[PDB]
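We name chains A, B, ... by the order of the sequence lines, and we start the count at 1 in each one. Note that these values count all heavy atoms, side chains included, but never hydrogens, waters or copies made by symmetry.
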Amino acid sequence: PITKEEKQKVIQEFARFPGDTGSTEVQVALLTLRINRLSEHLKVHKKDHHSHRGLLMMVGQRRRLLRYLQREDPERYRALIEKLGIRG
Amino acid sequence: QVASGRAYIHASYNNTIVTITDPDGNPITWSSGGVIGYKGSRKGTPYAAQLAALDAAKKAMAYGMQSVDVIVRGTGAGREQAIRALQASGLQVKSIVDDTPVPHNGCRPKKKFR
Amino acid sequence: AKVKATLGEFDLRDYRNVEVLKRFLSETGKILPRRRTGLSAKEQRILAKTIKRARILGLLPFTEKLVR
Amino acid sequence: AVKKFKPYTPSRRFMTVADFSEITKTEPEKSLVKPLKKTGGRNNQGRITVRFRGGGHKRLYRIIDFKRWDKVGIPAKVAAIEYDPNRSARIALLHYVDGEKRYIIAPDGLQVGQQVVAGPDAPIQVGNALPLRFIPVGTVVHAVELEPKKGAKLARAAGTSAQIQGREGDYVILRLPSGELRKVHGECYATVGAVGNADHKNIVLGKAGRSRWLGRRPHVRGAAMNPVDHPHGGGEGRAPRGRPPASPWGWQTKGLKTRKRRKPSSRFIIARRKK
Amino acid sequence: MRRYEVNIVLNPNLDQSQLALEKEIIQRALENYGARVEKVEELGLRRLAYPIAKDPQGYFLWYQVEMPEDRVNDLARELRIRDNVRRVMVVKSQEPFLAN
RNA sequence: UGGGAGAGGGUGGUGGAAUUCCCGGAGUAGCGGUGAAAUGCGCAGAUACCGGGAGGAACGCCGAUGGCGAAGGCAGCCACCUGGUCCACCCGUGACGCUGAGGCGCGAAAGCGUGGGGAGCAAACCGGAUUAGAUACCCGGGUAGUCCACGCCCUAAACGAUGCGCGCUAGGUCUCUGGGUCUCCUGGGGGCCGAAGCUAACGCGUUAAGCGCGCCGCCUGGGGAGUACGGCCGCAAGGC
Ligand SMILES: [Mg+2]
Ligand SMILES: [Mg+2]
Ligand SMILES: [Mg+2]
Ligand SMILES: [Mg+2]
Ligand SMILES: [Mg+2]
Ligand SMILES: [Mg+2]
Ligand SMILES: [Mg+2]
Ligand SMILES: [Mg+2]
Ligand SMILES: [Mg+2]
Ligand SMILES: [Mg+2]
Ligand SMILES: [Mg+2]
Ligand SMILES: [Mg+2]
Ligand SMILES: [Mg+2]
Ligand SMILES: [Mg+2]
Ligand SMILES: [Mg+2]
Ligand SMILES: [Mg+2]
Ligand SMILES: [Mg+2]
Ligand SMILES: [Mg+2]
Ligand SMILES: [Mg+2]
Ligand SMILES: [Mg+2]
Ligand SMILES: [Mg+2]
Ligand SMILES: [Mg+2]
Ligand SMILES: [Mg+2]
Ligand SMILES: [Mg+2]
Ligand SMILES: [Mg+2]
Ligand SMILES: [Mg+2]
Ligand SMILES: [Mg+2]
Ligand SMILES: [Mg+2]
Ligand SMILES: [Mg+2]
Ligand SMILES: [Mg+2]
Ligand SMILES: [Mg+2]
Ligand SMILES: [Mg+2]
Ligand SMILES: [Mg+2]
Ligand SMILES: [Mg+2]
Ligand SMILES: [Mg+2]
Ligand SMILES: [Mg+2]
Ligand SMILES: [Mg+2]
Ligand SMILES: [Mg+2]
Ligand SMILES: [Mg+2]
Ligand SMILES: [Mg+2]
Ligand SMILES: [Mg+2]
Ligand SMILES: [Mg+2]
Ligand SMILES: [Mg+2]
Ligand SMILES: [Mg+2]
Ligand SMILES: [Mg+2]
Ligand SMILES: [Mg+2]
Ligand SMILES: [Mg+2]
Ligand SMILES: [Mg+2]
Ligand SMILES: [Mg+2]
Ligand SMILES: [Mg+2]
Ligand SMILES: [Mg+2]
Ligand SMILES: [Mg+2]
Ligand SMILES: [Mg+2]
Ligand SMILES: [Mg+2]
Ligand SMILES: [Mg+2]
Ligand SMILES: [Mg+2]
Ligand SMILES: [Mg+2]
Ligand SMILES: [Mg+2]
Ligand SMILES: [Mg+2]
Ligand SMILES: [Mg+2]
Ligand SMILES: [Mg+2]
Ligand SMILES: [Mg+2]
Ligand SMILES: [Mg+2]
Ligand SMILES: [Mg+2]
Ligand SMILES: [Mg+2]
Ligand SMILES: [Mg+2]
Ligand SMILES: [Mg+2]
């Protein structure tokens, strides 16, 4: 699983001010971390369709947040998705 | 020859088969609702199980069998009559234990039993 | 007479406590119901699982025969 | 993971070929190859004694270590998994830390770079050879000696395995690839795990010429012949067998058991095969 | 790392020296698999609820340990590799759940 | 942030009961079966009993009126990996929301392909009875299949015959699971009974079928017919 230490690195490397824990960046970053851990888990467990639903829900959630940050900051949007290597 | 042994009552809704064994469970003798001339539905009645038990003990006691531990299987209507008969036969019924096979939800039963 | 009364303070997960746990099995080896166990809903699930473990470790029977 | 082809010829339609994914080295160890004499089914008298053989691809025979008690306790490194045209299994090149190099037939899940060892004290690990009496009961095993020190005779083709079922005295009980249950001496060596390349049975030869490549000349039906040739020969038009189906030599070929009754190993065949 | 209670049951009709060779194997197995052994409760021969391997008794080892979560299956399977190891149960250690 | 409940999912392993089969023992005139029978099985040693072995499937008690899931669906036990969800604190972001034609994925059973497995069960099938007949019900056999892996199929009384989200309009009672200050107060589920109101009535009723708003799907008399033609999908069956 994700441990508390790796999870804080994600908040640290993406907080706007070193106290922030809920901005779009730290949310996209936290989701991106759940996805790839899950995305990899599904690549091994191909019949775990229930968890895959979780994968889609996080993907949609991040996509909605990424849709929001592109409205308020096309610059910071671009800055975020590159640091997460996201587009495709 | 042996003195003590075990008495087994396999008894379904069809018949009641009594076999008396020895301490090691090796059968000394046996009987059932067929050994007394019943064929068919009658083989499953209480009276059939009584005569079956009486013919079981009277055959085993005729081998020196004196004490029996009564192991009971099944649920047929000749079950209780068999135990009663074993205490009236002359045997020193030293025990009664119900060892009816019950699965922990195992093999799918026939349609008759689902 | 319920078992939660007939016993002091015990740990519902020590699957190695035969003396505590065996008190929760009928004369015929079955896991007693709450009407005998006296445990709550949440307690009953914990007890059964740890009973189930102890059966696998050979500490508790899966079934005993019935004596008269 | 057998490979298919798009239907760009009639034969490509159905043809399938092995993926060779696990093969890591594609020319054989020169010190361990000798010329394999193609017989064509001919014996020392010159006569065909096995029909429809010959004309297949030229092959070098790879020497395979079917003993392995040869080198007890001497750890060996799996250096390569190679193709071998003389068996259905793939083969593995072992660089013994001895410096000696040997081919064993390749068990499933064997990885180049791992170590294997032979002997009574070898860890119960895929690729390791032990006398049968020391492999745990229930363990799946292959390349089994049939008699002590006589060499691996059993479970050697792609995918097969014998399973260890129990012990009795100096003997172990094996369920052979055929499902036969049989007593095999405990001193007989076996290698942990099943033979690899289990996908080998899912290959579709796909055209007549592929059987030719393999040395398999075309089979002629008795029913297609004439009475001087074969029991099923002759008849105006086609003809049912018209007698119990026979071989060319006259013996019945549908169910007629042919194992010898007074064979000594009978005292060791516990239960005949299945299915 | 996570904390596990590794239960093991052995062959009762063994001299304490064969019993010693088996514990040493276990020891090297827990060792080579990454376990750091905290407590160790060794109850020994014990009357069995049912017959195991035709034996109404077993030799019950217990190890509170701390090992990498991703190797406990392979370890446990490796403990079973021996024929005198009639049972093995690795459990996740939990803080107790009490009554009264 | 710190916590909790859970048959939620996937993978590997693993335990005991039970049935079938085999082996050895011991033992004899029947067993089995039904309404009653017969078929079947049994002196070639069955049934019943003990011991040994193999193999498959399903997990008794717990277990509930329970829990989890979006639905289908999920139940021995262990570990690993993974989802959802709930509660507390009120800490962070600043309307980032709702729904959702298409699309995509999931989808009981049965069915299909390639392997495997096959104890029990059992479409088909055979036999025994029943009967006017009995291509049924009942009985003895029994092949698919049921099981596993992978790939298809995509259906259903796929039901709460009740789309999703939000807000609002008495309570009583039972229960699961959190929190508290632990009487009890409060959340989130699960049922019951019921205010107002709704309803053709039955019934619904903070788990609305009440009062409202948003969006979607759908209906427009029965039969023909979920058929035909077209088109798309499917190996086929057949689906849309
Ligand atoms: Mg009868
Ligand atoms: Mg504990
Ligand atoms: Mg092809
Ligand atoms: Mg093409
Ligand atoms: Mg094509
Ligand atoms: Mg290969
Ligand atoms: Mg040379
Ligand atoms: Mg030659
Ligand atoms: Mg010559
Ligand atoms: Mg000549
Ligand atoms: Mg000559
Ligand atoms: Mg020939
Ligand atoms: Mg030839
Ligand atoms: Mg060959
Ligand atoms: Mg090869
Ligand atoms: Mg031999
Ligand atoms: Mg083939
Ligand atoms: Mg060739
Ligand atoms: Mg051919
Ligand atoms: Mg031909
Ligand atoms: Mg001709
Ligand atoms: Mg001639
Ligand atoms: Mg002639
Ligand atoms: Mg001729
Ligand atoms: Mg002819
Ligand atoms: Mg001809
Ligand atoms: Mg002809
Ligand atoms: Mg003709
Ligand atoms: Mg002709
Ligand atoms: Mg013909
Ligand atoms: Mg003819
Ligand atoms: Mg002939
Ligand atoms: Mg054979
Ligand atoms: Mg073992
Ligand atoms: Mg948390
Ligand atoms: Mg016998
Ligand atoms: Mg007859
Ligand atoms: Mg005779
Ligand atoms: Mg007879
Ligand atoms: Mg089998
Ligand atoms: Mg605030
Ligand atoms: Mg602000
Ligand atoms: Mg489906
Ligand atoms: Mg199915
Ligand atoms: Mg199939
Ligand atoms: Mg049947
Ligand atoms: Mg008939
Ligand atoms: Mg009929
Ligand atoms: Mg008639
Ligand atoms: Mg039938
Ligand atoms: Mg069958
Ligand atoms: Mg499937
Ligand atoms: Mg329902
Ligand atoms: Mg509908
Ligand atoms: Mg909708
Ligand atoms: Mg729910
Ligand atoms: Mg409520
Ligand atoms: Mg009213
Ligand atoms: Mg209205
Ligand atoms: Mg009215
Ligand atoms: Mg009314
Ligand atoms: Mg109501
Ligand atoms: Mg209410
Ligand atoms: Mg219409
Ligand atoms: Mg249609
Ligand atoms: Mg339809
Ligand atoms: Mg059409």
Would you call C:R55 and C:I31 a side-chain contact if the rule is heavy atoms closer than 4.5 Å? yes
Please work out which residues in residues 31-44 of chain A have a non-hydrogen atom less than 4.0 Å from an atom of RNA chain F and list them by number. A:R34, A:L38, A:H41
Does the structure show a Watson-Crick or G-U wobble partner for F:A75, both distances under 3.5 Å? Name it, or say none. none
Side chain of A:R16: nearest nucleotide among F:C50, F:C91, F:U93? F:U93
Is it true that the neighbouring bases F:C154 and F:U155 have six-membered rings whose centres sit under 5.5 Å apart and whose planes meet at under 30°? no
Under a 3.5 Å rule for both distances, is F:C41 the Watson-Crick or G-U wobble partner of F:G30? yes
Chi-angle category of F:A95 [syn within 90° of 0, anti beyond]: anti
Got a sec, which residues hit side chain to side chain donor-acceptor pair (under 3.5 Å) with A:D48, two or more places apart in sequence or on another chain? A:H41, A:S51
Which whole-number value in Å describes the distance from A:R67 CZ to F:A95 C1'? 15 Å
With sequence neighbours excluded, tell me which residues meet salt bridge (charged side-chain N to carboxylate O under 4.0 Å, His left out) with A:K43. A:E40
Give every pair of a protein N or O atom and an N or O atom of nucleotides 152-154 of chain F that lie under 3.5 Å apart, one pair per line with the distance.
none

Please name all residues satisfying ring-ring contact (aromatic ring centres under 6.0 Å, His included) with C:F24, sequence neighbours left out, ordered by chain then number. C:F10
In 5'-to-3' order, the base (B), backbone-only (S) or no-contact (-) status of each nucleotide in nucleotides 58-71 of chain F, using a 4.0 angstrom heavy-atom cut-off, is BSBBBB------BB
